[PDB]
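Novice: Coordinates in coords16.txt, compact mmCIF, N, CA, C and O atoms and all ligand atoms, are listed below.
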```txt
# COMPACT_ATOMS: atom_id res chain seq x y z
N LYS A 58 164.43 -54.85 10.04
CA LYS A 58 163.29 -54.85 10.99
C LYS A 58 162.57 -56.18 10.93
O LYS A 58 162.26 -56.67 9.85
N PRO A 59 162.31 -56.80 12.10
CA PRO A 59 161.61 -58.07 12.19
C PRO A 59 160.23 -57.99 11.57
O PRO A 59 159.36 -57.23 12.00
N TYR A 60 160.06 -58.79 10.54
CA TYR A 60 158.80 -58.88 9.82
C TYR A 60 158.13 -60.19 10.17
O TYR A 60 158.50 -61.24 9.65
N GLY A 61 157.14 -60.13 11.04
CA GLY A 61 156.58 -61.34 11.56
C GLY A 61 155.16 -61.58 11.11
O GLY A 61 154.42 -60.65 10.78
N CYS A 62 154.81 -62.85 11.10
CA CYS A 62 153.49 -63.30 10.69
C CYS A 62 152.44 -62.90 11.72
O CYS A 62 152.46 -63.40 12.84
N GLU A 63 151.53 -62.02 11.32
CA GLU A 63 150.41 -61.58 12.16
C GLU A 63 149.55 -62.77 12.59
O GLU A 63 148.80 -62.72 13.56
N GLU A 64 149.70 -63.85 11.85
CA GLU A 64 148.86 -65.02 11.97
C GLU A 64 149.37 -66.00 13.03
O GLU A 64 148.60 -66.49 13.85
N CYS A 65 150.67 -66.27 13.03
CA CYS A 65 151.22 -67.33 13.86
C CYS A 65 152.32 -66.80 14.76
O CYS A 65 152.67 -67.41 15.78
N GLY A 66 152.86 -65.66 14.37
CA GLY A 66 153.74 -64.92 15.24
C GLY A 66 155.21 -65.27 15.09
O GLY A 66 155.97 -65.18 16.05
N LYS A 67 155.62 -65.66 13.89
CA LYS A 67 157.03 -65.89 13.61
C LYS A 67 157.62 -64.72 12.84
O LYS A 67 157.10 -64.34 11.79
N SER A 68 158.69 -64.13 13.37
CA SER A 68 159.34 -63.00 12.72
C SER A 68 160.40 -63.46 11.73
O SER A 68 161.13 -64.42 11.99
N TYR A 69 160.46 -62.78 10.61
CA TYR A 69 161.46 -63.06 9.59
C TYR A 69 162.36 -61.86 9.34
O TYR A 69 162.01 -60.73 9.71
N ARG A 70 163.52 -62.11 8.74
CA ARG A 70 164.48 -61.05 8.47
C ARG A 70 164.02 -60.17 7.31
O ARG A 70 164.13 -58.94 7.38
N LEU A 71 163.51 -60.79 6.25
CA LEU A 71 163.11 -60.04 5.07
C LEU A 71 161.60 -60.09 4.88
O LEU A 71 160.92 -60.95 5.45
N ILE A 72 161.09 -59.18 4.06
CA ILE A 72 159.68 -59.19 3.69
C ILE A 72 159.38 -60.41 2.84
O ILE A 72 158.39 -61.09 3.06
N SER A 73 160.26 -60.68 1.89
CA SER A 73 160.12 -61.82 0.99
C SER A 73 160.18 -63.12 1.78
O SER A 73 159.49 -64.09 1.46
N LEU A 74 161.01 -63.13 2.81
CA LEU A 74 161.09 -64.24 3.73
C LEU A 74 159.75 -64.56 4.34
O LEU A 74 159.25 -65.68 4.26
N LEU A 75 159.17 -63.56 4.94
CA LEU A 75 157.89 -63.67 5.59
C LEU A 75 156.80 -63.86 4.56
O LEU A 75 155.74 -64.43 4.83
N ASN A 76 157.09 -63.39 3.37
CA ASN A 76 156.17 -63.49 2.25
C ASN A 76 156.09 -64.94 1.80
O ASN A 76 155.04 -65.43 1.43
N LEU A 77 157.24 -65.61 1.85
CA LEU A 77 157.31 -67.01 1.51
C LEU A 77 156.83 -67.86 2.66
O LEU A 77 156.36 -68.98 2.47
N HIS A 78 156.93 -67.31 3.86
CA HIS A 78 156.32 -67.92 5.04
C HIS A 78 154.81 -67.87 4.90
O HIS A 78 154.11 -68.83 5.21
N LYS A 79 154.31 -66.74 4.43
CA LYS A 79 152.89 -66.53 4.27
C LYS A 79 152.41 -67.38 3.10
O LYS A 79 151.31 -67.93 3.12
N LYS A 80 153.27 -67.48 2.09
CA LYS A 80 153.04 -68.36 0.96
C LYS A 80 152.98 -69.81 1.43
O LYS A 80 152.14 -70.58 0.97
N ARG A 81 153.87 -70.17 2.35
CA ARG A 81 153.97 -71.54 2.84
C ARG A 81 152.66 -72.01 3.46
O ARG A 81 152.26 -73.17 3.28
N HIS A 82 151.99 -71.12 4.19
CA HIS A 82 150.76 -71.48 4.89
C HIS A 82 149.62 -71.79 3.93
O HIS A 82 148.74 -72.60 4.24
N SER A 83 149.63 -71.16 2.77
CA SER A 83 148.58 -71.37 1.78
C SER A 83 149.08 -72.18 0.60
O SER A 83 148.40 -72.30 -0.43
N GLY A 84 150.27 -72.76 0.75
CA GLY A 84 150.89 -73.48 -0.34
C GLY A 84 151.64 -72.54 -1.25
O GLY A 84 152.86 -72.64 -1.42
N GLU A 85 150.90 -71.62 -1.82
CA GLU A 85 151.42 -70.62 -2.69
C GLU A 85 150.78 -69.29 -2.31
O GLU A 85 149.78 -69.26 -1.59
N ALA A 86 151.34 -68.20 -2.78
CA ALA A 86 150.82 -66.88 -2.48
C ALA A 86 150.58 -66.11 -3.76
O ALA A 86 151.52 -65.66 -4.41
N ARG A 87 149.32 -65.98 -4.12
CA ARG A 87 148.96 -65.38 -5.38
C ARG A 87 148.63 -63.90 -5.22
O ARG A 87 149.45 -63.02 -5.46
N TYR A 88 147.41 -63.66 -4.79
CA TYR A 88 146.91 -62.31 -4.59
C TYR A 88 147.25 -61.86 -3.19
O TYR A 88 147.45 -62.68 -2.31
N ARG A 89 147.32 -60.56 -2.98
CA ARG A 89 147.35 -60.05 -1.64
C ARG A 89 146.24 -59.04 -1.49
O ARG A 89 145.78 -58.43 -2.46
N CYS A 90 145.81 -58.90 -0.27
CA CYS A 90 144.91 -57.84 0.08
C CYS A 90 145.66 -56.54 -0.12
O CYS A 90 146.70 -56.33 0.50
N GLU A 91 145.15 -55.67 -0.98
CA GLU A 91 145.86 -54.44 -1.35
C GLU A 91 145.90 -53.45 -0.19
O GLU A 91 146.34 -52.30 -0.35
N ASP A 92 145.44 -53.89 0.96
CA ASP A 92 145.37 -53.03 2.13
C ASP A 92 146.19 -53.58 3.28
O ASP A 92 146.90 -52.82 3.96
N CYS A 93 146.13 -54.88 3.53
CA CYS A 93 146.76 -55.43 4.70
C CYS A 93 147.82 -56.46 4.30
O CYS A 93 148.65 -56.89 5.11
N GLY A 94 147.76 -56.85 3.03
CA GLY A 94 148.80 -57.64 2.40
C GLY A 94 148.72 -59.10 2.73
O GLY A 94 149.74 -59.78 2.86
N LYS A 95 147.50 -59.59 2.89
CA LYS A 95 147.27 -61.01 3.09
C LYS A 95 147.21 -61.72 1.76
O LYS A 95 146.51 -61.28 0.86
N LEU A 96 147.93 -62.82 1.65
CA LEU A 96 148.02 -63.53 0.39
C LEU A 96 146.94 -64.59 0.29
O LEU A 96 146.79 -65.43 1.17
N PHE A 97 146.19 -64.54 -0.80
CA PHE A 97 145.17 -65.53 -1.07
C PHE A 97 145.41 -66.15 -2.43
O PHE A 97 145.81 -65.47 -3.38
N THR A 98 145.17 -67.43 -2.51
CA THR A 98 145.32 -68.17 -3.74
C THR A 98 144.05 -68.09 -4.55
O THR A 98 144.01 -68.42 -5.73
N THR A 99 143.01 -67.63 -3.89
CA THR A 99 141.74 -67.44 -4.51
C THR A 99 141.36 -65.97 -4.42
O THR A 99 141.37 -65.38 -3.34
N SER A 100 141.02 -65.39 -5.56
CA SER A 100 140.69 -63.99 -5.63
C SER A 100 139.33 -63.74 -5.00
O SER A 100 139.03 -62.64 -4.57
N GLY A 101 138.51 -64.79 -4.95
CA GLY A 101 137.24 -64.73 -4.26
C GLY A 101 137.41 -64.76 -2.75
O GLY A 101 136.76 -63.99 -2.04
N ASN A 102 138.27 -65.66 -2.25
CA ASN A 102 138.60 -65.68 -0.83
C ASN A 102 139.18 -64.34 -0.47
O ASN A 102 138.92 -63.79 0.60
N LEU A 103 139.96 -63.83 -1.40
CA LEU A 103 140.57 -62.57 -1.24
C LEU A 103 139.50 -61.50 -1.19
O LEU A 103 139.44 -60.71 -0.26
N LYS A 104 138.65 -61.53 -2.20
CA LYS A 104 137.56 -60.58 -2.38
C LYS A 104 136.71 -60.44 -1.14
O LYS A 104 136.45 -59.32 -0.70
N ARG A 105 136.27 -61.55 -0.58
CA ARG A 105 135.47 -61.50 0.65
C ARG A 105 136.24 -60.79 1.74
O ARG A 105 135.69 -60.01 2.51
N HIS A 106 137.54 -61.03 1.75
CA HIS A 106 138.45 -60.39 2.70
C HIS A 106 138.74 -58.93 2.29
O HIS A 106 139.23 -58.14 3.09
N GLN A 107 138.45 -58.58 1.05
CA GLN A 107 138.68 -57.23 0.57
C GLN A 107 137.46 -56.42 0.94
O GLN A 107 137.52 -55.21 1.17
N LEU A 108 136.35 -57.13 1.04
CA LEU A 108 135.05 -56.56 1.30
C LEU A 108 134.86 -56.30 2.76
O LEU A 108 133.92 -55.66 3.16
N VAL A 109 135.72 -56.85 3.57
CA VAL A 109 135.67 -56.55 4.97
C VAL A 109 136.37 -55.23 5.22
O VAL A 109 136.18 -54.59 6.25
N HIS A 110 137.20 -54.83 4.25
CA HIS A 110 137.87 -53.54 4.33
C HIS A 110 137.05 -52.47 3.62
O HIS A 110 137.37 -51.28 3.67
N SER A 111 135.99 -52.89 2.95
CA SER A 111 135.13 -51.99 2.21
C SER A 111 133.73 -52.59 2.11
O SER A 111 133.12 -52.63 1.04
N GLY A 112 133.25 -53.06 3.24
CA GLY A 112 131.97 -53.73 3.28
C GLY A 112 131.16 -53.28 4.47
O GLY A 112 129.92 -53.22 4.36
ZN ZN A 201 152.37 -67.83 9.47
ZN ZN A 202 142.83 -57.43 4.28
```
Kindly transcribe the structure held in the file into structure tokens.

Specialist:
Amino acid sequence: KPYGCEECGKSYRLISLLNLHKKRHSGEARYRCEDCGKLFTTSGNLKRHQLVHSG
């Protein structure tokens, strides 16, 4: 199933593929939003984004 970037709209074959695509945009992919699966290199950037799901 085409796994595409919600952000830029490129579909990948694998999740890890798109995961590395998502990693590519931020350099590296550390944390993810435990809800929507957005990768943040900063847990605080993440946190603020986590708080929009529970804020
Ligand atoms: Zn992207
Ligand atoms: Zn999120």

Novice: Go through chain A residue by residue and, counting all atoms listed in the file, keep those with an atom at most 7 Å from ligand ZN 202 (chain A); for each kept residue give the shortest atom pair and its distance in Å to one decimal, ordered by chain and increasing number, as a tab-separated table.

Specialist:
```
residue	atom	partner	partner_atom	distance
A:89	C	A:ZN202	ZN	6.9
A:90	CA	A:ZN202	ZN	4.7
A:91	N	A:ZN202	ZN	6.0
A:92	C	A:ZN202	ZN	5.2
A:93	N	A:ZN202	ZN	4.2
A:94	N	A:ZN202	ZN	5.1
A:95	N	A:ZN202	ZN	5.3
A:103	O	A:ZN202	ZN	6.5
A:106	O	A:ZN202	ZN	3.9
A:107	N	A:ZN202	ZN	5.6
A:109	C	A:ZN202	ZN	6.9
A:110	N	A:ZN202	ZN	6.2
```

Novice: One decimal, in Å: what's the spacing between atom C of residue 73 in chain A and atom C of residue 61 in chain A?

Specialist: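 Spanning atom C of residue 73 in chain A to atom C of residue 61 in chain A is a straight-line distance of 10.7 Å.
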
Novice: When distances are computed from only N, CA, C and O atoms and all ligand atoms, which of A:86, A:77, A:62, A:72 shows the smallest separation from ligand ZN 201 (chain A)?

Specialist: A:62

Novice: Please tabulate, as a Markdown table, the residues of chain A that come within 8 Å of ligand ZN 201 (chain A), each with its closest pair of atoms and the distance in Å to one decimal, counting all atoms listed in the file and ordering rows by chain, then residue number upward.

Specialist:
```
| residue | atom | partner | partner_atom | distance |
| --- | --- | --- | --- | --- |
| A:61 | C | A:ZN201 | ZN | 7.0 |
| A:62 | CA | A:ZN201 | ZN | 4.8 |
| A:63 | N | A:ZN201 | ZN | 6.2 |
| A:64 | C | A:ZN201 | ZN | 5.0 |
| A:65 | N | A:ZN201 | ZN | 4.2 |
| A:66 | N | A:ZN201 | ZN | 5.4 |
| A:67 | N | A:ZN201 | ZN | 5.9 |
| A:75 | O | A:ZN201 | ZN | 6.7 |
| A:78 | O | A:ZN201 | ZN | 4.7 |
| A:79 | CA | A:ZN201 | ZN | 5.4 |
| A:80 | N | A:ZN201 | ZN | 7.4 |
| A:81 | C | A:ZN201 | ZN | 7.3 |
| A:82 | CA | A:ZN201 | ZN | 6.1 |
| A:83 | N | A:ZN201 | ZN | 8.0 |
```

Novice: What is the distance between CA of residue 70 in chain A and CA of residue 99 in chain A, in Å to one decimal?

Specialist: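 Separation between CA of residue 70 in chain A and CA of residue 99 in chain A: 27.0 Å.
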
Novice: Just asking: which residues within chain A are helix (DSSP H, G or I) according to DSSP, as a list in words?

Specialist: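 Answer for chain A restricted to helix (DSSP H, G or I) is residues 72, 73, 74, 75, 76, 77, 78, 79, 80, 81, 82, 100, 101, 102, 103, 104, 105, 106 and 107 of chain A.
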
Novice: One decimal, in Å: what's the spacing between atom N of residue 100 in chain A and atom N of residue 87 in chain A?

Specialist: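 Atom-to-atom, atom N of residue 100 in chain A and atom N of residue 87 in chain A are spaced 8.4 Å apart.
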
Novice: Enumerate as a PyMOL selection string all residues of chain A assigned to strand (DSSP E or B) by DSSP on the backbone, naming them with the chain letters and numbers the document uses.

Specialist: chain A and resi 60-61+68-69+88-89+96-97

Novice: Each side padded by 3 Å, which centre and which edge lengths in Å (one decimal) define the axis-aligned box around the listed atoms of range 63-77 of chain A? Give them as JSON.

Specialist:
```
{"center_x": 156.5, "center_y": -64.0, "center_z": 8.5, "size_x": 21.9, "size_y": 16.0, "size_z": 21.1}
```
